Amino acid sequence: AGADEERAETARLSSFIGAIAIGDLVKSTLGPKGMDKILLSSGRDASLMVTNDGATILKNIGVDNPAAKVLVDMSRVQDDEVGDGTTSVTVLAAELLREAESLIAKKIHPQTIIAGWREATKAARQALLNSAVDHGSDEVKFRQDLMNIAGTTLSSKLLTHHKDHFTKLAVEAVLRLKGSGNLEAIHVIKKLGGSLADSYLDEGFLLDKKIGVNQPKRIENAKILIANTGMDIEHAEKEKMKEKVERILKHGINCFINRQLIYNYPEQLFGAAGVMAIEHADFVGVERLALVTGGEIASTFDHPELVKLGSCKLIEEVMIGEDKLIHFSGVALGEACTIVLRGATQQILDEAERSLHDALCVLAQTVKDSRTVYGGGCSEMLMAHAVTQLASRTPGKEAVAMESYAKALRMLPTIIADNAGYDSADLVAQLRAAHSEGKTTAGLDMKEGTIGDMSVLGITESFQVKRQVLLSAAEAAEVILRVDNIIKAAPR
Amino acid sequence: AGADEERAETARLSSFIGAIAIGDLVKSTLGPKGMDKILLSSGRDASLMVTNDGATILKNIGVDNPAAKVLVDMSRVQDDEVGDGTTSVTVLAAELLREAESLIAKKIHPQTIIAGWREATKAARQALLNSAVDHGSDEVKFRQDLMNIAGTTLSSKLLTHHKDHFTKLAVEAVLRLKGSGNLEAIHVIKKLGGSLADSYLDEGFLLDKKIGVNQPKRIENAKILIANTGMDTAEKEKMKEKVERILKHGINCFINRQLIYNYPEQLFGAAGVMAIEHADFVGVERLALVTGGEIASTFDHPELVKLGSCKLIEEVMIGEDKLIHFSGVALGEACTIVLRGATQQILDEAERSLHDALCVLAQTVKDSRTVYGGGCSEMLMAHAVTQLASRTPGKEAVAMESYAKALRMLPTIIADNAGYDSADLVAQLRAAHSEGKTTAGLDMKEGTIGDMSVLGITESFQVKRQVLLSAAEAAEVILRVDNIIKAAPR
Amino acid sequence: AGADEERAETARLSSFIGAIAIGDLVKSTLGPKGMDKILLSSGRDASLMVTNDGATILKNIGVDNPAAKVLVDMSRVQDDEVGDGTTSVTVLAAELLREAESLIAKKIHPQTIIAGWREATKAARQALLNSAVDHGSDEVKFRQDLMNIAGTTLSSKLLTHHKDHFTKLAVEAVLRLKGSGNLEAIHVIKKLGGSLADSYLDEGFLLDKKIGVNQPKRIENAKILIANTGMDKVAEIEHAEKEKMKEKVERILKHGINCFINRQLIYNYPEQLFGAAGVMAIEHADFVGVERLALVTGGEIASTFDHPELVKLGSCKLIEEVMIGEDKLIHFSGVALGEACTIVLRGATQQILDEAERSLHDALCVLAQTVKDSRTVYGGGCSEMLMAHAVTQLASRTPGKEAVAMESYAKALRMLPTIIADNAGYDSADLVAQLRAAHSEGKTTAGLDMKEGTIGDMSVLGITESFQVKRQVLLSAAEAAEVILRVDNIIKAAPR
Amino acid sequence: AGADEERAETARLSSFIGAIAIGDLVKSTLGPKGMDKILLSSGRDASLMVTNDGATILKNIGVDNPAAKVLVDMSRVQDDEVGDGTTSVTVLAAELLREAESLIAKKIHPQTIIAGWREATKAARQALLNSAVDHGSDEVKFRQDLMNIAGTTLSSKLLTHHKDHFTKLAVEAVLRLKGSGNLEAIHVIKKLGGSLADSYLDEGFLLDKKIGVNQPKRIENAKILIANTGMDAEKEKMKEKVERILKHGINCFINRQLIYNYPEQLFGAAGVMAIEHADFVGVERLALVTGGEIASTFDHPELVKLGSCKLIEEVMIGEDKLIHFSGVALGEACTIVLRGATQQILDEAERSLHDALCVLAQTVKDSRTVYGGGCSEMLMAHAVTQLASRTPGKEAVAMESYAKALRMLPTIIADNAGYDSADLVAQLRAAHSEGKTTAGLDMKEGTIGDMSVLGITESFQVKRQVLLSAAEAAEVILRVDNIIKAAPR
Amino acid sequence: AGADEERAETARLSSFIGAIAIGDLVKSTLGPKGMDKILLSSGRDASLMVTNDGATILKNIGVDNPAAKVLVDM
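Residues numbered from 1 in each chain as written, not as in the entry; some residues may be left out. Chains lettered and ligands numbered in written order. Part of a larger assembly, values for the part shown. Heavy atoms only, no water.

This entry lists cryo-EM as its structure determination method and reports a resolution of 10.50 Å.

Below, the structure is given as structure tokens:
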């Protein structure tokens, strides 16, 4: 009873406890019926932060003494190349530690057990495409573009009553995204007001800056000017003023965008002319705009006329249910487009700044991968039936490592059933029988409380989440299990 | 949170902890690789006692706050009609608690789960007699009398070097005592002197006493007199009544259970009669069944109301201690085994094992059925029970599967106390049983798997049927009782 | 603020700790230059008890909570079938625990190693029948009466200088004693003076008492009387006292009474009578001597003054009060029975002369069966080195697991040569290697000669060990100590 | 001062405790079944660092009062000029301290026991000398150059899935440098940019620097100039440098310090490639390669300078620009150079090439190796046990205690395999006694097998350094007189 | 008992409490005989604002640990 001082057995437990504590908070977030949580902290925190995405909160806060923060940091790298959907990778790693309890009972070299990871690779061969799956999106694709994985990513997120519609909108954005040059030039801004649609799709670019209170409300047959150099004895200044206007009247210029500080003198002049300019426009938006507007060659005040190409469908500032912004539309190119999101309404609403970035990635993979797997636990039960056989028929050493890996899969069906509110035990017996039969389409239906046809619901998981999780699941852990717990010092 | 008031889920956990703690101490006492343990206490304990037998130590002390004393008390009722062998019933009852963790996931009501226990009855019935119990042990029996179950009882006891030979001797004792209808006339004394044989079998009853330093050494065509009332009590009249009745009978030996009066004693020496003073009553009762008995009352006791055996009564040196031998009983039903041994705590240890060796063998003759030991029975049942869970509809299936799962730990427990990797042992073990060989089991000495029959290890059939149905009913009452509230006695 | 708090590996330590504590006290005792320790306790203890014999002290006291009393109890059975010599069985068992530190390093299954204990069954038995060389003793035996094992038992004792002579004396005591009669009525005492002999042999039983200053110097064809009850117109009553006197003298004369011994106070009137008559009486005689004496004299029925004549059986040879150099003591001697006999050692109130009494009981046991066994082995550790050279071979011979346990047993014999030499006052390191070469060569007689400072001929010295002590020690020790390490953990829980 | 004064048994104990703490952490790290380890520490570490190689972690941190740090420090000297492979030198040294508890029973003085070390030589020498182990290493050798010990050093480390091949490359480097002692002038670098083989072999030395944006890309029949003093009226310095330079035909300038701007303009037009703040370690090694020169003041060019004129150029081999020095006339010194895939594993390759390099140079020249998997150790145990009986008075005590120590090593290897060592300990003993030096513990087998088939051989140097260092440390602290102040610093 | 530690079901109660706490202040305002509330805040606030309009006051301040700010914004 009691005692804190780490050597031998105590060493494993600190890592063991860290893994179990995080699993309960993340478990609620999995699949179609996930949950949203709020957190409050003193240092560099304003109020409770509610993030649906597990990865965002783990990076943000280092709450306590036990070791687990380093494991958390690594997940971000995964996010850049795929990331989100639902947070499941951390959970599988945590459950790996649970049978370590059985390891003391084993009473043999813990490190020998590492051969189990090699064994896991054997499991991996068996794991690979043995579980029917779904063929996936051809490229662009009609119906299969969405009403799939994005909805699942959203399911945990607190907005899915109307949000699933929003997700459906997002695949349209990804299809246009491919071809130009991987992923950049994507920007979306949320709106503080609610509507049934809850989102508008723009054919151009969305920006939020204004020259000043004075100037005409809207421009047509717009000409766009982009300058690298700022507009920045007093009589000599007037010459700078005049050159700007002289070149400007001739073109018919409707809008001027400059990436940096804008000199005050021209501003007075623009208002009389009827030309709208933007001060300190961000470079990333501008560069994107150039693709959209046909581009410009930006240099010194010589920049006007022919060296400048400007799209002209329409540039205007449009009131959008509350916070108004400038909309660039009708781009001749058509290659780059912008999405405007409207939120449920709350602190959660501002996540839309970088939420889309997480959203773009799951949809982009679905269209790009051209492969998928069946949703709501369909994949997990089928694989579990196959793995149980494998341990029994491999004699001696080979059998112990494979069997332990196999039971890990059983918990996932239950986690989905438990968040459903239906009985987990009733669910387990019925679930296994349908998968055993051979119907890969059949899966967990939370709404029913019983097993049903997953395909009818339309919930499917993309192919990348299943192959990648399996490859490094057994590689990240092995460096750690090679070790018991840490070297000399007198920690904590 | 954290301070002793318990309700619902917190109440269940205390029961859970008590079961796990007991299993680790008892596990080391299973089969051929079992071990001896010594416990020390202060306050009405005398000091340090060693108990190989799990049941004896558990009954003696209620050590701490967790609740398990009542569960412990039950094992003794089992012991008189079967008991011992090896202690396995407590372990199986304890492991049933582990499934309760999966139970929280079930999250509603554990009670309909109980239906699983009757499902368990099919599993219980299905594999313990399904391999090859054996056929025989019809009566007295030549070779098959031992080098079987007694050895297994001894298996849990390390002393089984010299000791397994001792075990072999015990069945000879059971053949005369067979029936177990009435267990009585068996007396064993350990002797302080080392020898390879370690024990001697006496054709009768062994007792340590002498009249005094006078009186004849040996009697033949012996007549035996036992008196309920003492010789203690004009005095000459008591003397003459005793002599007159005595001479006609030819009285060879007199045994009295209490104080003896001196006047009689002078008489006995000249007469040629050997008398015993303050002989223990329990020996006397056993003796009565043995010699046809007698009615013990006042000095009218001699002649016909008394019956006496006619073979041989003499005092014979045993090792380093002087004892008297009663033998040649006409009845033949009751006889005595005398232990010798090296002499130490262990020699006193044999006292603990006597009332263990005797019970197991008695049961083996009556059941006429047995199962393969060394864990052979346990792995086979596990393979068969896995199929059953899949067959049954749903909720029942969930409960049926969990019971099957528990059998897996036993192969592990035998290997774990043996000295070989538990993980490696399980994989190789299952393949042997799966194949179809009943004889094959766990060979602790080997470190792998082998033929159990060669070693001579078998388990009584009766221990296996009783453990299965009884465990179900006992487990059923604890899940059913959720609220346990108690305070310190006084 | 206290507690016992121990788990898993610490539990192992409790078995470990008991063995180390016992070994340090006993090691000094072993061999020719042994050490004597006095133990004093209060509360159901009297004073100054010092025991040379390791077995006697361990049995008497259960000092503390850790387990060790049970291991101790085993040694007494060994003592019954052969006895002592020097205490060594406990020491070897203790060192077996040291390998367990190695066992954590082993880090597999400590119980698997326990298989070695099974192996020890074979290890102990090859130890048997094999080893030391000697022969037999016929009966009575002139030269071979002693100058053998008693010197060996004594070697542990600080006593062996003048005392080896005392030891020689003890077999004379056994020769008169010999038979299967028992070890009965053997009494030996000590006296406050210094002489080369340092001891004397009394014909039969020693008692420190006298009737009074007056009375005959000695009695012959003596009759011995033992009484349970004590001797304890106005003028006629004084006359009546004389009546008690009358019965005592008139029937005392018919018997021929030469000595009266009473275990209590004695009335003064009879005392005058005994002196004139020629009869020697003893006031407040010790009861323990009396019961023992009765076996010697054939006994008697001790009741009221009716006690004389036939109910009394006195043995007659010589009862006298004799000079023991300083003070004077009375010798019963000449017992017809022959079953019981006595010898006298000299020292008294020295400091530890009472340890001699403790020393004495174990020493007597050694001599009594030397004649009965008729078999012995060479002393001075000659027997121990030879067996040790042989056992190294054995560990290699047994496969796998068995070799580790058998090899440990072999090193146990090595320590004895070192202990014998170390207390001698010579360098232990030099002694061990020179010793091994002589035994290896093939000479059984050669052994450790402490006075020499090197190796010498044991047979000339007169030091031997009973064949029985070596056979039994190897069998019983292995099987009995087997029990101790078969159990790794001894615990329970908590009190408060 | 500090004044921590050591007394008899309380002096010995500090040495005893240090040895036990090190052994448990290092034991799991050994050979094929070797494992990576992580550490979190007080003070300035703030996080968990993972180093497979035991030596790297021990030098970085000096955690507590007893001094084991100095024992630790010694292992690096071994690592730079021989070294690693598997960490066992520290483990064997630690195990000998346990016996000292036994030694108090002996109770004379430690020094008498010290006789064991003369006999450590006789018992052990027989042990190394029990023979086979080393094929012979003829000199260079077509296939025995590797796929042996370097591969095993890598085995404890993960990079081995594709880096076993990298290890193979390293032996080629050692063979060309054989003779005149050992190691000098060996260096290794890694480049970001993937290839399946993951390596490029350079016949010369690899340096990562460039003169500037301008200057000829490739130089031919190059002359090398090394200056002890930096380039840093001003025009006169410019004039002296140009006049001397043209006659020599100087194609490259290497200076170990800061370089002045004026000469730089001249070098581009001249056709001479110069290197700013060149590393001294590369230069000294390079000097053996180019024949060297005496570096003085600008008077230095021509005869007082000796340059090698084969081929110097800066080559784009992938991503980061590097400069290749090639054509060593001496032949005594060469480099190697490594490539990768662009992975964490690749940077680990840098960690183990050093490990591979040191082992082979010593393995080839010493003409000795030992059988791994405990083959050498059990055989050694059998020979030593009879030896104690053989020795006289003062000889027969020290040797006997040393002999039982060897017994533990077979046991440690069997457990890390996972099989029961009890069965293993004497089954193993019977095979060594028989006469097969090639037989030993087979971790993969789970019992005993043929070590030679496995291909695990240990450098003879790794085994001598460990055994001698093992108890010398034990005997020195117990003796310690008039200790002064405290802390290794 | 004795602590403010809360999880899952007890956790729900804090959400529960926020809704009840807001209702008592607002109810007085809801009709033809309302009260009037002032609310003075210390730290980066300009004077105490006394508001009879319930919507205006809930939006202006995020007073404490319990969560109700998000309900208010809509």
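### So, the overall build of chain C
Of the regular secondary structure elements, chain C holds 18 helices and 15 strands. Considered along the principal axes of its C-alpha atoms, chain C spans approximately 100 × 65 × 35 Å. If the 57 positive side-chain charges of chain C are averaged to one point and the 68 negative ones to another, these points end up 2 Å apart. (Helix = DSSP H or I, 4+ residues; strand = E, 2+ residues; numbered from the N terminus. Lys, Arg positive; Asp, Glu negative; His and termini not counted. Charge placed at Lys NZ, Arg CZ, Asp CG, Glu CD.)

### Some points on the pairing of strand β9 (residues 311–315) of chain D
All names here are of chain D. In this sheet, β9 lies alongside strand β5 (residues 218–220) in antiparallel orientation, the contact comprising three bridges. Bridged to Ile219 within β9 is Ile312. Of the pairings in the sheet, the one linking β9 to strand β10 (residues 322–326) comprises five bridges and is antiparallel in character. Residue pairing in the sheet places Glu314 in a bridge with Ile323 of β10. Counted along the chain from β9 to the antiparallel partner β10, the turn is six residues long, and its residue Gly318 has a positive phi close to 140 degrees. (Pairing = 2+ DSSP bridges.)

### What to know about the side chain of A:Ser329
Residue and element names in this part refer to chain A. Considering the arrangement of structural elements, one finds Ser329 in strand β9 (residues 325–329). At 2.8 Å, the side chain of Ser329 forms a polar contact with the side chain of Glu203. In contact with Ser329, other than residues within four places in its own chain, are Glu203, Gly204, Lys313 and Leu314. (Polar contact = N/O pair within 3.5 Å; in protein donor to acceptor, adjacent residues only side chain to side chain. Contact = heavy atoms within 4.5 Å.)

### Topic: the side chain of A:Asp358
Residues and elements named next belong to chain A. For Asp358, the position within the fold is in helix α12 (residues 352–369). Nearest to the buried, unbridged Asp358 among oppositely charged side chains is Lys157, at 6.8 Å. Filtering out sequence-adjacent residues up to four positions away, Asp358 remains in contact with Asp53, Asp79 and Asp84. (Buried < 20%, exposed > 50% of the residue type's maximum accessible area, 1.4 Å probe, protein only. Salt bridge = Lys/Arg side-chain N within 4 Å of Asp/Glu carboxyl O.)

### A look at the packing of helix α9 (residues 164–177) of chain C against helix α13 (residues 353–373) of chain C
Residues and elements named next belong to chain C. Contact pair α9 / α13: the axes reach a minimum separation of 9 Å and the direction vectors enclose 60 degrees. The angle between α9 and α13 places the two elements in the oblique class. Between α9 and α13 the crossing geometry is right-handed. Across the interface between the two elements, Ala170, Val171, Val174 and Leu175 from α9 touch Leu367, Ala368 and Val371 from α13. Of the residues belonging to the contact of α9 with α13, the class tally is seven nonpolar, no polar and no charged. (Axes fitted to C-alpha atoms, helices over the stretch in contact; angles between N-to-C directions. Parallel < 35°, antiparallel > 145°, perpendicular 65-115°, else oblique. Left-handed = near helix turned anticlockwise from the far one by under 90°. Nonpolar A, V, L, I, M, F, W, Y, C, P; charged D, E, K, R; others polar.)

### Comments concerning the interface of chain B and chain C
One frequent convention defines the size of an interface as the accessible area lost when the parts assemble. Contacts between the two partners involve 30 residues from chain B and, on the opposite side, 27 residues from chain C. Here chain B and chain C share an interface that buries about 2500 Å² over both sides, 61% of which is from carbon and sulfur atoms. The three residues of chain B that bury the most area against chain C are B:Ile38, B:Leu158 and B:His161, which together make up 18% of that side's buried surface. Our count for the contact surface shared by chain B and chain C stands at one salt bridge. Between B:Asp36 and C:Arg486 there is a salt bridge whose closest N-O contact spans 3.7 Å. Sorting the residues of the side of chain B that touches chain C by element identifies β1 (38–40), α12 (345–367) and α15 (409–418) of chain B as the ones contributing at least two each. When its residues are assigned to classes, the side of chain B that touches chain C shows 14 nonpolar, 10 polar and six charged. (Buried area = accessible area lost by both parts, 1.4 Å probe.)

### Considering the packing of helix α13 (residues 376–391) of chain B against helix α16 (residues 422–435) of chain B
Residues and elements named next belong to chain B. One way to put it is that α13 packs onto α16 with a least axis distance of 9 Å and a crossing angle of 75 degrees. When the interaxial angle is binned, α13 and α16 end up roughly perpendicular. On α16, the residues touching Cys376, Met379, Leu380 and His383 of α13 are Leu429, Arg430, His433 and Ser434. Class assignment for the residues of the contact of α13 with α16 results in four nonpolar, three polar and one charged.

### With respect to the UniProt feature "binding site: ADP" in chain B
All names here are of chain B. Under the UniProt annotation, the feature "binding site: ADP" is placed at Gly31, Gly85, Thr86, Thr87, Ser88, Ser155, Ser156, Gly374, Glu459 and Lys464. Exposure remark for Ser155: the relative accessible area of 5% places this residue in the buried category. Apart from residues no more than four positions distant in its own chain, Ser155 is found in contact with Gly31, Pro32, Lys33, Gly34 and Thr160. Of note is the side chain of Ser155, whose polar atom sits 2.6 Å from the backbone oxygen of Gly151. As for its position among the elements, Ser156 is in the loop between α7 (149–155) and α8 (163–177). Here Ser156 falls in the buried class, since its relative accessible area comes to 2%. Every residue in contact with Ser156, bar those within four places of it in the chain, is listed here: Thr29, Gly31, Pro32, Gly34, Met35, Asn52 and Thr86. (UniProt positions renumbered as here; feature names shortened; annotations may be inferred.)

### Here we look at the sheet that holds strand β2 (residues 199–202) of chain A
All names here are of chain A. Read across the sheet, three strands follow the order β1-β10-β2 without closing on themselves; strand pairing throughout is mixed. The outermost strands of the open sheet, each flanked by one partner alone, are β1 (188–191) and β2. Averaged over all neighbouring strand pairs, the angle between strand axes comes to 15 degrees, with direction disregarded. Across four bridges, β2 lies against strand β10 (residues 338–342) in antiparallel orientation. Looking at β10, one finds that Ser199 is bridged to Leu341.

### A closer look at the domain arrangement of chain B
Residues and elements named next belong to chain B. Taken domain by domain, chain B holds domain 1 (1–133 + 369–490), domain 2 (134–202 + 333–368) and domain 3 (203–332). In this structure, domain 1 and domain 2 have C-alpha centres spaced 26 Å apart. Between domain 1 and domain 2, the residue contacts involve 30 residues of the former and 25 residues of the latter. Buried surface at the junction of domain 1 and domain 2, summed over both partners, amounts to about 2200 Å²; 44% is from carbon and sulfur atoms. Close ionic contact of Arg352 with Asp36 constitutes a salt bridge, the shortest N to O distance being 4.0 Å. Across the domain 1-domain 2 interface, the total number found is 15 residue pairs in polar contact. Within the residue set of the side of domain 1 that touches domain 2, elements represented by two or more residues are α3 (69–81), β15 (458–460) and α18 (461–480). (Domains from an automatic or database assignment.)

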